[PDB]
Amino acid sequence: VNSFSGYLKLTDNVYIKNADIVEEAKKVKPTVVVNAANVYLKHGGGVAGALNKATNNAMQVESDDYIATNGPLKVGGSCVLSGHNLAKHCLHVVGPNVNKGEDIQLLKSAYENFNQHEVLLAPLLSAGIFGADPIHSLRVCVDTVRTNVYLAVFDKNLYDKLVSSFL
Ligand SMILES: O=C(N[C@H]1c2cccc(O)c2C[C@H]1C(=O)O)c1ccc(NCC2CC2)nc1
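Residues numbered from 1 in each chain as written, not as in the entry; some residues may be left out. Heavy atoms only, no water.

What the deposited record gives as its method is X-ray crystallography, and the resolution it gives is 1.0500 Å.

Under the PDB entry, the chain has the name Non-structural protein 3 and belongs to Severe acute respiratory syndrome coronavirus 2.

Here it is in structure tokens:
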């Protein structure tokens with residue numbers, strides 16, 4: 001049993017809700033919150049910009065030190081950093097950004113990072129300002145992630161479409 005409330009069970013291991021991931025994280029304090037990161041960990045907008053703002057920019061400060069030491073992530077890759085006031089840990093995952101021309105096949109590799117964590121609160125990867133089809137992202141999630149994932153979807157009309165079209 002866990003404290004995630006009002007989630008729609010899609011499969012054995014994937015759950016979804018129309019909710020603000022910032023508020024879900026503040027309320028649940030999950031072991032892992034996933035960030036929709038880029039390779040430079042520059043948390044400018046979307047999920048990344050939103051989570052960073054909720055940490056009062058502490059996520060960005062930590063991220064800048066990470067990049068200065070380690071260099072950029074790979075598209076499809078990830079790193080584990082602090083969850084600050086939102087979670088124990090933040091798993092920064094880089095899905096492909098279609099608005100940068102990145103290959104959508106890398107979306108499966110991106111979701112594979114979730115399998116290293118037994119339970120996660122996460123956004124649908126490559127949705128919103130990353131420009132990929134969210135119905136596609138949800139399908140890849142269900143077909144790739146085997147651990148227990150709670151997807152928080154910000155946009156109500158996207159959530160309604162994701163529920164209505166899920167096979
Ligand atoms: O950009 C957000 N979401 C979309 C997005 C963007 C980039 C990559 C992604 O994979 C996704 C999933 C999309 C969605 O979930 O609709 C978002 C989410 C929460 C939030 N909270 C603070 C506001 C003040 C209440 N702000 C923004």
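Secondary structure summary: the chain contains six helices and seven strands in total. Against the globule reference of 15 Å for 167 residues, the chain gives a C-alpha radius of gyration of 14 Å, in line with a compact fold. The C-alpha extent of the chain, read off along each of the three principal axes, is 45 × 35 × 25 Å. Per-residue burial over the chain gives 51% buried out of 167 residues. When contacts within the chain are restricted to residue pairs at least 6 apart in sequence, long-range pairs at least 24 apart make up 67% of them. Carbon and sulfur atoms provide 52% of the accessible area of the chain, an area that totals close to 8,100 Å². Looking at charge distribution, the chain has the averaged site of its 15 positive side-chain charges lying 3 Å from that of its 15 negative ones. (Helix = DSSP H or I, 4+ residues; strand = E, 2+ residues; numbered from the N terminus. Rg over C-alpha atoms; globule rule 2.2 N^0.38 Å. Buried < 20%, exposed > 50% of the residue type's maximum accessible area, 1.4 Å probe, protein only. Contact = heavy atoms within 4.5 Å. Areas by Shrake-Rupley, 256 points an atom, 1.4 Å probe, with all protein chains shown as cover. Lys, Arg positive; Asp, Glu negative; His and termini not counted. Charge placed at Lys NZ, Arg CZ, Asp CG, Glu CD.)

In this section: the site of the ligand. Neighbouring the ligand are 17 residues, the closest being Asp-20, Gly-46, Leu-124, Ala-127 and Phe-154. A distance of 2.8 Å is found between a nitrogen atom of the ligand and a side-chain nitrogen or oxygen belonging to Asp-20. One of the backbone N or O atoms of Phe-154 is found 3.0 Å from an oxygen atom in the ligand. Protein contact buries 77% of the 590 Å² of open area that the ligand shows by itself. Broken down by element, the residue count for the shell around the ligand peaks at three residues, all from helix α2 (residues 46–54). Residues of the shell around the ligand, tallied by class, amount to 12 nonpolar, three polar and two charged. (Near = heavy atom within 4 Å. Polar contact = N/O pair within 3.5 Å; in protein donor to acceptor, adjacent residues only side chain to side chain. Nonpolar A, V, L, I, M, F, W, Y, C, P; charged D, E, K, R; others polar.)

What follows deals with the nonpolar core. Counting residues in each nonpolar core, the largest one holds 26 residues, and the members touching the most others are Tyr-111, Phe-114 and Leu-151. For this core, the elements supplying multiple residues, two or more each, are β2 (14–18), β3 (32–36), β5 (89–93), α4 (106–112), β6 (119–122), α5 (134–144), β7 (148–153) and α6 (156–164). Among the elements that take part in this core, α5 stands out by supplying four residues, more than any other. Once residues within four sequence positions are removed from consideration, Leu-151 is found in contact with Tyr-7, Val-14, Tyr-15, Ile-16, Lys-17, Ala-122, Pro-123, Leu-124, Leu-138 and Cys-141. (Core = buried A, V, L, I, M, F, W, Y, C linked by side-chain atoms within 4.5 Å.)

To continue, consider the pairing of β5. The buried count for β5 comes to four of five residues, which makes it a mostly enclosed element. The sheet contact formed by strand β4 (residues 78–82) and β5 spans five bridges and is antiparallel. Residue pairing across strands places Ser-78 opposite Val-93, the latter belonging to β5. From the end of β4 to the start of β5, which pair antiparallel, there are six residues, and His-84 there has a positive phi angle of about 55°. (Pairing = 2+ DSSP bridges.)

Attention shifts here to α2. Here α2 has its buried residues at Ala-48, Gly-49, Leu-51 and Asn-52. In this structure, the buried residues of α2 make contact with α1 (21–28), β3 and α3 (58–70). Backbone geometry just downstream of α2 places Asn-56 in the positive-phi region, at approximately 60°.

This part takes up the packing of aromatic side chains. The full count for this structure, using the stated rule, is five aromatic pairs. On the numbers, 5.5 Å between centres and 80° between planes, the contact of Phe-4 with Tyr-7 is edge-to-face. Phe-4 sits in the buried class, given a relative accessible area of 13%. In this structure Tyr-7 comes out as buried when scored by relative accessible area, which is 12%. Relative to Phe-114, the ring of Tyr-111 has its centre 5.2 Å away and its plane inclined at 70°; by these criteria the two rings are edge-to-face. The buried category is assigned to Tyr-111, whose relative accessible area is 0%. (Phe/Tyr/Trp six-rings, centres within 6.5 Å; stacked < 30°, edge-to-face > 60°.)

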